[PDB]
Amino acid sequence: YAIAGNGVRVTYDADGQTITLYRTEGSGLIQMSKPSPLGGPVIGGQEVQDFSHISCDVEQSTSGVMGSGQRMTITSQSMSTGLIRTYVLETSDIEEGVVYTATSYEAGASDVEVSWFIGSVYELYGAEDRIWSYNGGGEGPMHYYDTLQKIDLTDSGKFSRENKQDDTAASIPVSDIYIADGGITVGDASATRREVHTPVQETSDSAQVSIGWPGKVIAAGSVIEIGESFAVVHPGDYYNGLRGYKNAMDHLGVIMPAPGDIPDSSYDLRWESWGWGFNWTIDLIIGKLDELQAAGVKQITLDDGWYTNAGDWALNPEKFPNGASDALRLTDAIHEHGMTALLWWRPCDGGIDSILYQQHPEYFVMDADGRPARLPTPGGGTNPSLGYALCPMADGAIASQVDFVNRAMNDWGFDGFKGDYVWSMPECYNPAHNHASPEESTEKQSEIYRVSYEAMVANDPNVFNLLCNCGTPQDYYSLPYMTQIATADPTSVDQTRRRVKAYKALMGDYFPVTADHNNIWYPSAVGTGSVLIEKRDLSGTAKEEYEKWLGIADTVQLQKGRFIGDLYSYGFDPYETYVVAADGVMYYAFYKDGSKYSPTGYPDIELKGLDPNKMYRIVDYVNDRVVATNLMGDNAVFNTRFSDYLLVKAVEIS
């Protein structure tokens, strides 16, 4: 029993009750997965494994979620529970590497109580000493837990992570595991946010990636659908898997912005006031504008500390003693230096001591005990700066967000927004909201982001919009409404660079990403094809260093180039490597300063993706020196010494 799709083969063994995944390479298949068991319900703390094969049906010419392709339908039965399971797999003639899966269960004579449903599990075939993993969960830890994680098979430890999306976790419902020969991505196939896990677990000699959803009581003689997923077999690293997921999710209407519609100002070099913390003033910001303009900056953020309270989002009298005319004086001055102006806010937060909470508590989320619910930190808990959550289904809550947008753009003259410092959305029990279930608030969080953005666009189609779920992967269902992504308070060069690759995969190769400004890492920002940003008030040699790198970034402009993620594999090619094509020229960046993956010794550098018949001169564009005078495209290999980074371009020579 087998079905085929572009780039993928799926086989079922009825004796085994197992599934094996294959990927096409050249003229032959490569086996991506070990034979893997079908996902089952969990009852009384145990997954049910009494299921027996009933039938397998294969259709060769059919049309499914992804359009025309193939389908395999497997029916199984459990005598102890009375459950009949229907497991459907679909492939696509067009979409590369992708398998769609859906599961339903039918109960017999008695009700079945299920705590959790496991959808699909794939254990990787052919692993040796290490497996690399992409982990999209929103449960934290914040900031200091890497999104990309090495699973070492030679050590004492056993890697295990749930990768949650729930009332305390709002990130990306995807996980990937990969080796030199490639990997398997699993992601939630839903147009809207729902509770799901994508666990990654080390096994005895490998690792497995899976997906699962919350249980329910299944009534006697009833049929219910429990969950649907996308799997992607791929060569290379997590970029290829995540790109597959992006392509799949288009079919469900989750479509990221096309290059032609992204505004010019969302590719601009930016300086933010956060360097001064809460002690910025209008005149301090204005005083920097001449030097910022001359050095090449084209965008300014007014960061945190401008407002009275969240929800109200009114001007703080100490910062704006003359009211709205002071805000206009700031944005006018920014505009006079040829720049756009952005404003910091925290969407979903209606404050605690706000006028909004005092006058309209009915707009807010209510907990099970009848108290106002605080916005959660990742994994649960709260933060003193986080206020009460606005309910996304209360019309007045949404209106408060829209009114803020209209005031900031039309009364104060701002050109865009930096959303920040917010994560998931608590469950709502307010009976006056008439919720279908308490999770409905969590599910509909992204409506705040959508309605806000639509209001922004109506004022100015070139408006800038960003959201930072700081220290975690960004809320996936916010992404359609963005013009730029930040790597989100990265705590290392490893974090910022690898996340650039992940976001490019999910959003498109021309989608704007910034490496952020938590630490000074100008070479990381340029070489990844990211937008270089800064927040500090600099002097002396550090000022010279910022000017230098503004000049380089403004010369090569790799933030506007086509990111290329399919040539090198993070953790398997000799160096951590990034590639961008700009104005018909290939730019490469090699790094050694990331402690998570860095070679012993001094391996040769290989330039991939050049024309085999052409000859190239290799130039270090930072230092303006030739590192290799003439390389053929089919054998572009050289050795050069560098301590942290090497940024080069391949110049065609006649």
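Numbering starts at 1 and follows the sequence shown.
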Exercise. What stretch has the higher average Cα B-factor here, 432-440 or 402-410?
Worked result: 432-440
Exercise. For the stretches 64-72 and 615-623, which has the higher mean C-alpha B-factor as given in the deposited record?
Worked result: 64-72
Exercise. Taking the values straight from the PDB record, which of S80, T198, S266, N469 has the highest C-alpha temperature factor?
Worked result: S80
Exercise. Out of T192, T487, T281, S171, which one has a C-alpha B factor higher than all the others in the entry?
Worked result: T281
Problem set entry | Chain thirds of CA B-factor: placement of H335 | middle
Exercise. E544: which third of its chain by C-alpha temperature factor?
Worked result: highest
Exercise. Ranked by Cα temperature factor within the chain, is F563 in the lowest third, the middle third or the highest third?
Worked result: lowest
For this session: Quick one: classify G108 as lowest, middle or highest third of the chain based on its Cα B-factor.
Result: highest
Exercise. Lowest, middle or highest third of the chain for the C-alpha temperature factor of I285?
Worked result: middle
